[PDB]
Amino acid sequence: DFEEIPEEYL
Amino acid sequence: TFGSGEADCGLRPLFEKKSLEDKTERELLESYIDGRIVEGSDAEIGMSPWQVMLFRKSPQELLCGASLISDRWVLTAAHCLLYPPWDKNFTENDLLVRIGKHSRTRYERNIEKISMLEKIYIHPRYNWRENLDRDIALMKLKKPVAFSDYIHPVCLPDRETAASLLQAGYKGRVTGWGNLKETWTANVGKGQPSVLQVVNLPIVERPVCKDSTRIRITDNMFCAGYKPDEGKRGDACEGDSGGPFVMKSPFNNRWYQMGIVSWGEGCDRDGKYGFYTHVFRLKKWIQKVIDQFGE
Ligand SMILES: *[C@@H]1O[C@H](CO)[C@@H](O)[C@H](O)[C@H]1NC(C)=O
């Protein structure tokens with residue numbers, strides 16, 4: 001269900 | 001001067017500061033309880049600013065609830081990260097925190113802030129082997145967080161607040177995305193929230209707590225929940241493991257965190273309660289990982 005979050009947080 | 005007191009704690013940008021009340025806070029406000037047993041409505045925008053979301057980096061999942069207590073420190077249940085029987089053993093790099101959220105699934109652009117963890121501190125004496133005694137963990141952020149209308153710290157109780165508020169008949173409030181609902185045989189309909197939820201539960205008397213579980217209940221725990229009965233609107237099972245249990249002081253109007261969502265009972269149909277870690281008894285532990293920690 002989870003919308004994708006900015007590649008900048010990994 | 002980190003969590004060694006925090007000035008602005010528990011005064012919500014959108015409610016207390018504008019002399020505005022949430023749609024259910026009066027309930028916490030009785031002294032007597034018998035009566036308004038509110039169901040578990042959706043939270044109002046800014047109703048719970050200290051709410052945190054523990055997020056598994058990959059596979060990307062909502063691991064647990066957590067609460068903001070400083071701009072750099074988060075409080076959760078130690079079982080959320082370390083639980084040998086289930087092979088649960090999380091590290092700094094395995095999670096992210098998500099502060100400022102309403103919606104359970106949308107990244108919320110320009111509202112939420114996602115941060116990295118620098119260190120996790122489990123109580124040395126947390127008991128996974130038997131009953132989850134001393135179920136508390138502290139996570140220090142990789143970088144400070146800026147408070148917003150949506151993001152603000154909750155207060156940690158002191159001797160007297162704990163003494164007057166922690167009492168049978170007094171409602172506390174849980175909020176969360178319903179991760180305490182971790183079924184199998186279920187067919188979770190009319191559920192799995194989209195939005196954060198809220199419910200106000202009455203604290204229960206120690207003996208009545210002990211006598212409803214087979215779990216050996218210690219001095220570091222309390223239980224809350226309405227009496228398994230006919231009309232019992234509000235479920236403990238409505239929160240998130242590691243999330244916040246909070247009361248509004250009638251003395252100074254601030255919000256303090258009195259418990260951390262530990263386990264729930266008969267989370268199905270049989271009339272049980274929620275068990276929480278007693279923040280005030282673990283407070284000297286807290287007091288010092290902070291007062292002396294960071295890396
Ligand atoms: C959890 O795993 C770490 C490595 O991630 C290990 O050092 C630690 O001892 C584990 N905790 C246990 C085994 O309870």
Side-chain angles (χ1 to χ4, degrees), chain A, chain B residues 52-66 74 90-118 139 141-146 176-179 181-183 188-197 240:
Chain A
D1 183 1
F2 289 92
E3 171 158 339
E4 320 92 328
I5 86 160
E7 178 21 49
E8 20 110 34
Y9 294 122
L10 315 160
Chain B
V52 176
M53 197 183 260
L54 311 212
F55 208 76
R56 227 258 257 207
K57 257 214 267 262
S58 181
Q60 266 160 202
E61 56 205 323
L62 159 55
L63 254 78
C64 270
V74 171
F90 290 125
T91 293
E92 333 291 1
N93 329 51
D94 301 311
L95 335 135
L96 265 19
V97 293
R98 319 183 34 172
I99 340 262
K101 305 183 60 41
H102 194 55
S103 160
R104 219 200 81 173
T105 57
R106 331 257 84 324
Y107 162 79
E108 282 162 295
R109 235 218 309 161
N110 286 187
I111 316 168
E112 78 181 67
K113 265 50 198 46
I114 301 184
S115 23
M116 287 194 189
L117 315 106
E118 198 211 80
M139 309 168 275
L141 304 165
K142 242 300 237 150
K143 217 131 295 217
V145 63
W177 292 289
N179 138 309
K181 293 143 146 32
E182 300 178 274
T183 59
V188 209
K190 156 206 194 42
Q192 294 294 21
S194 151
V195 137
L196 185 63
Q197 329 274 108
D240 298 326

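Letters go in sequence order (proteins before strands), and every chain restarts at 1.
- At a 4.5 Å heavy-atom cutoff, the contact between B/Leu96 and chain A is made by side-chain atoms alone.
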For a quick check, list the donor-acceptor atom pairs closer than 3.5 Å between chain B and chain A, or say none.
residue: B/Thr105; atom: O; partner: A/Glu3; partner atom: N; Å: 2.8
residue: B/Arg106; atom: NH1; partner: A/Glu3; partner atom: OE1; Å: 2.9
residue: B/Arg106; atom: NH2; partner: A/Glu3; partner atom: OE1; Å: 3.2

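- Taking B/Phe55 as the reference, A/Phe2 meet the ring pair (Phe, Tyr, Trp, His ring centres under 6.0 Å) condition, with sequence neighbours excluded.
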